[PDB]
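1. Sequence first, structure after; it's an experimental one.
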Amino acid sequence: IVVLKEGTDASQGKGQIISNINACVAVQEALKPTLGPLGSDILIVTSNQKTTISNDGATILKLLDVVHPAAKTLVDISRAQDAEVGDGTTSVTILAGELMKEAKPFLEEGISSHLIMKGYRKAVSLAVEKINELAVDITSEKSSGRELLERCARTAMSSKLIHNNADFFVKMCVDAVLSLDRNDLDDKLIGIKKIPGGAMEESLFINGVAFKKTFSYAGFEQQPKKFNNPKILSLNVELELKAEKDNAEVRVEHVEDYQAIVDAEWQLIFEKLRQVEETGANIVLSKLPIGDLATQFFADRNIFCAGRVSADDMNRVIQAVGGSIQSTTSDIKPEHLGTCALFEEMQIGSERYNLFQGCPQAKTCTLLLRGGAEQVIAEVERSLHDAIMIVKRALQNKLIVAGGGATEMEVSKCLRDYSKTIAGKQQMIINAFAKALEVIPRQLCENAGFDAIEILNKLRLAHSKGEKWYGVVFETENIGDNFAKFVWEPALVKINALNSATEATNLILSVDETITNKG
Amino acid sequence: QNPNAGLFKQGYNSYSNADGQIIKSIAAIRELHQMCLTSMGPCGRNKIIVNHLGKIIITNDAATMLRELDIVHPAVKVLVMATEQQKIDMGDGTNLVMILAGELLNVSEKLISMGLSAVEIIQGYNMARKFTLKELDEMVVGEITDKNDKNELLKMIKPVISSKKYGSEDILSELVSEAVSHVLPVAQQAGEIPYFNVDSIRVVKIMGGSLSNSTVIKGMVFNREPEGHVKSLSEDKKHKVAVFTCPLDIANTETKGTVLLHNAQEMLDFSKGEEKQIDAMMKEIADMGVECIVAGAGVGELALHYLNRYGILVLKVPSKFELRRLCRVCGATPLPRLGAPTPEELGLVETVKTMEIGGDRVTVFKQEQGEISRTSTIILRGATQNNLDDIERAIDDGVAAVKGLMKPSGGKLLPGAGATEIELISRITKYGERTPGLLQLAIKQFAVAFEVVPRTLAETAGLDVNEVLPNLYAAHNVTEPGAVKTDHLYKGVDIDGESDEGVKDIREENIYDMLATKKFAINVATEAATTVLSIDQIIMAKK
Amino acid sequence: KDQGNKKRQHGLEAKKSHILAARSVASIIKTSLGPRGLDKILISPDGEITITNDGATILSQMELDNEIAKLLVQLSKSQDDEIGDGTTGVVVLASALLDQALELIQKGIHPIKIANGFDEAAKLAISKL
């Protein structure tokens, strides 16, 4: 009659560890096509009904929301990969899951997982030491300031639809990173706006901030769109004649009183409307719509206004001209105003776009992209995001290691020799760790269409011949040196990946039982 | 067609004891016993606990598991209550009670299958318990002088960090021992007033850095910023602090006293009223020597203006739980009214400043070598927020383990790492064959039940049980030509991650178990095993 | 959260299901492509019955949960603003490339080589026109 769990499912034993292994393979198998710049993209449909397609492991695992506890640990460690580094969230989960696959036959042989986890901790400790030996300090050495940024951005943009126009896109990509303080570089500070229509090579770089120009209200052919030093005013409240929401009940029996209450509704609005002119600002920006009466009164005094501007764009305006948002039109102070070097409304893409240009106080920028289709430009923007992260980390981190299979093979190469000196179960565990490091160069060839059998075996040949820098060429299929091909990643990525993947692996291998309470 | 007999109560399922119901009760414990076998030890395993609120929890401590599990069966429920007996009176040894009491019932199945009466089984363990407690008093090797030195505290804390957080054992030991020595006074020949409360050590954490960058503060740290324009106090000694329950504003009535507004003429008088009254009250506070005012409630705008001209640091603590421990450092008392900072309610603080911890600015509360503090703070740093929270749970259990070092005979120690359990095997079996009667059956099996502790640590460490265990038995069996026995009391169970021909000694790493922890664990494990053996049947009713 | 109501198509059986699903949606408007093409009866959610061969109307009136077919709707949505008369022609042409891609998958050719193959195929055909 009595029950221990009161109907709360709890399972233990070696079968629970196997169930944790199958969960790590399921998460790995989903991220395998998303590994590498040429890797395939995953189709994810969230319960929010927003269909997204991306290859970035961070965004992928955040939108899946896997309830499985052992599989959720691989998601939590991927968010740590997005925190400590921010790049490589796809490879850290695949490598951690591969450690679960290589530890599966050891569980059937009767080898305890604690000796397996202890073997990885000694393997990573030797692996990080080899990465420090593979860390090459380079700043001005055999490279200039311009060639270091350009030649590294061309490789990230290679094998893409932008390959032919890459010469123009590297110039805007390098100038985008140099437009910000090299001490603190944030990808969020670089704005990117997609412009439908037009040629890809005609894209422009804006030093200031731009937005969509969502103003739908009539009164056009006025309010000149080109200003030299406009005074930008950030507004909150609603200046439209006929208001959005509220109202009032007024009972009057006279005809002159009918026109009076209509003029009263006008005078109450015109009061705060005239206070905008008393500030003497040429640009009026508000997150709420600016009605026909307001845009007409601004047209007579030659004041430009745009309503219903996104909040994300208004925050960049504050970071551009150094202004501030004031709630009312009365108390507006002079320091809340701001000014740019040039203001123009561009018709590029058969659509009107307001832009601020030449802001000396701007901590952010905006880069416009053009193309024949909105989906193609989105691929250009994401291929640019991969190029920005390489250019950004090049200045922030001067210690680099050869990527694209180069470093992955050298770490796996030496640990096979280090395992010869160690005897016992730890020898087969280190050999399994070095074998688990072979999944990274493998999936890079499988996702790009290259043959995994020939290229990997040929890579194991020349790399064993005394040259440590041989990677996998992503352009023309062959083995080659990525140090010459300029495939570069900082040493902190390879160190934090081996530390985070083994950590998440050690947390899952240490779980004998999963207790889930229902309620 | 088939009638029913034996159940006269109501429609139920009747379980007679002739079917081995007492064995089925132990079998239900064996399901839970195997859960604790992967817990104890630094090589133990962590269990994923999904809370009923949809929260993921991964921890080694089994007391959290039993708290999240809802128990019905009595033999398991008594072990849960027995775990609370070990959890309330001590902050360590919870896995010792669950594993030992489970094995005592496992070896009892051989006596039950033999036909030995349950009462005669209980009588055997009770006589063997008195033989064990007599040995546990003689198993004591060293004892701490209560010098409270840092190195002396490391000897106690080092084995406590083990079995919970491994690899941080040496790093966390320097962090915990420093915080204990701050709130632990050095005194002797006084047993009237208890010392070292659990609340004496506060633990905070922040993302970033690692355990190497962690620091220990001699006082409590507040997360809130110095709202007032005075960021920190001066270098003058003994700054007076004031804790006010009433918010900082114009003087009001203790009962109600809500300010109402009617006409704009009153608002002009309310402004000037708050200007003169606050400036009059805050000036008298500064004249009495109080440079810091702790406000448990809100602070007005004019209250900030006048205190900044007097150089008084404004510090707000809306949490009443932090104010309770705050009174244990300086000694200040909260005042329900405002304007009368009685010097008996005023405290003393050496230093109040603002430090940057993990990128965020925090205002601390601390002292240097004066007006001894009963509350300390451990600032933890780490890259993983989940693992950093588990370190906090390991430190909090380490603080409650130092509580066992107080007056109730906590200085004496016994060899740990499975060294004590092996010697008790030879001592009890010596009493088994020596004591005549049927008790020799249960007494000898009582010593065999201690073989689970060395075997559990060996199974979790991946070591061969067919090797370490028989070598550990021969390690304590020697022939000494004399009364005093020698050679080796120090052979334990081996923790190796890098092998080692044979086993090591306790004297090398100084890893031991406390007497107050071991002696209390034996009493709880036997009473829990006695309770299960005392139940030969169950009775239930319709809910 | 909510492990149920989540399906995953990956690897072998995913590529075959994607092409056949896009073929069924394309086979709808194949017979509607031309000057002689056949009409269809479309029923609005309010109950109004309309008969038209316009592809922009048929693809918009059709409510489908297929994500691969939603990409076909986005294909006709972007070209409708640019042109508007190639609605039914671009989907049949794209599905014809998918039908030939499915045959290449069965031959052992990776989808990346197929995508790079159709890319050089368009650049060559544009130069000829």
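-> Right, received. Where do you want to start? Numbering: from 1, shown residues only, chains lettered A, B, ... in the order given.

2. number of nearby residues for residue B:240?
-> The number of residues packed near residue B:240 is 20, by other Cβ atoms under 10 Å in any protein chain shown. Yep, even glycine has a C-beta here, placed from its N, CA and C like the rest.

3. One more: residue B:538?
-> Residue B:538 is flanked by 14 other residues according to other Cβ under 10 Å.

4. Could you double-check that it lies in contact with residue B:74?
-> Yes: using Cβ atoms under 8 Å, residue B:538 is in contact with residue B:74, at 6.7 Å.

5. Next up, identify which helix or strand residue B:33 is on.
-> helix B:21-37 (DSSP states H and E).

6. near chain C, anything from the very next helix or strand once past that helix?
-> Next helix or strand after helix B:21-37 toward the C-terminus (DSSP H and E): strand B:46-50. No: using Cβ under 8 Å from any Cβ of the partner chain, strand B:46-50 never reaches chain C; the gap is at least 11.8 Å.

7. For strand B:46-50, which outside residues touch it?
-> A:69-70, A:507, A:510-517, B:35, B:38-39, B:56-60, B:64-65, B:68 (Cβ atoms under 8 Å, 6 or more residues apart in numbering or on different chains).

8. Show the buried residues in those residues.
-> A:69-70, A:507, A:510-517, B:35, B:38-39, B:57-60, B:64-65, B:68 (16 or more other Cβ atoms under 10 Å in any protein chain shown).

9. Show me the residues you listed that map onto helices.
-> Counted as lying in helices by DSSP state H, out of the buried ones among the contacts of strand B:46-50, are A:69-70, A:507, B:35, B:64-65, B:68.

10. Out of those, flag the one nearest to residue B:473.
-> Ranked by distance to residue B:473 (Cβ to Cβ), those are led by residue B:35 at 27.0 Å.

11. Quickly find the element holding residue 125.
-> Since you didn't name a chain, this refers to chain A. Going by DSSP H and E, residue A:125 is part of helix A:113-134.

12. look at chain C instead
-> helix C:111-128.

13. show me the contacts for whatever residue of chain B ends up closest to chain C.
-> With Cβ to the nearest Cβ, the shortest gap between chain B and chain C falls at residue B:54, namely 7.7 Å. By Cβ under 8 Å, 6+ apart, residue B:54 lies in contact with residue C:1.

14. Could you look up the SS state of it?
-> coil (DSSP: H, G, I helix; E, B strand; the rest coil).

15. For the stretch 1-150 of chain B, which segments count as strands?
-> Assigned strands in the stretch 1-150 of chain B, in chain order: B:46-50, B:56-59 (criterion: DSSP state E, counting those that start in this stretch).

16. let me fix that: chain C
-> Secondary structure of chain C by DSSP state E: the strands cover C:40-43, C:49-52.

17. if I look at the most centrally placed residue in chain A, how far off is residue B:185?
-> Among the residues of chain A, the one closest to the centroid is residue A:385, at 6.8 Å (Cα atoms, centre = their mean). Residue A:385 sits 59 Å away from residue B:185, taking Cβ to Cβ, to the nearest Å as the criterion.

18. tell me the secondary structure for residue A:252?
-> Assignment for residue A:252 (three-state DSSP): coil.

19. show me the contacts for it.
-> Residue A:252 neighbours (Cβ under 8 Å, 6+ apart): A:258, A:260-261.

20. Quick check: helices, which of those residues are part of them?
-> Per DSSP H, the contacts of residue A:252 map to helices at A:258, A:260-261.

21. Mind picking the one among those residues that's closest to residue A:202?
-> residue A:261 (53.8 Å).

22. Next, count neighbours for the closest residue to the closest one other than its chain neighbours.
-> Distances taken as Cβ to Cβ, 6 or more residues apart in numbering or on different chains put residue A:250 closest to residue A:261, at 5.1 Å, once the chain neighbours are dropped. Using other Cβ under 10 Å, residue A:250 is surrounded by 11 other residues.
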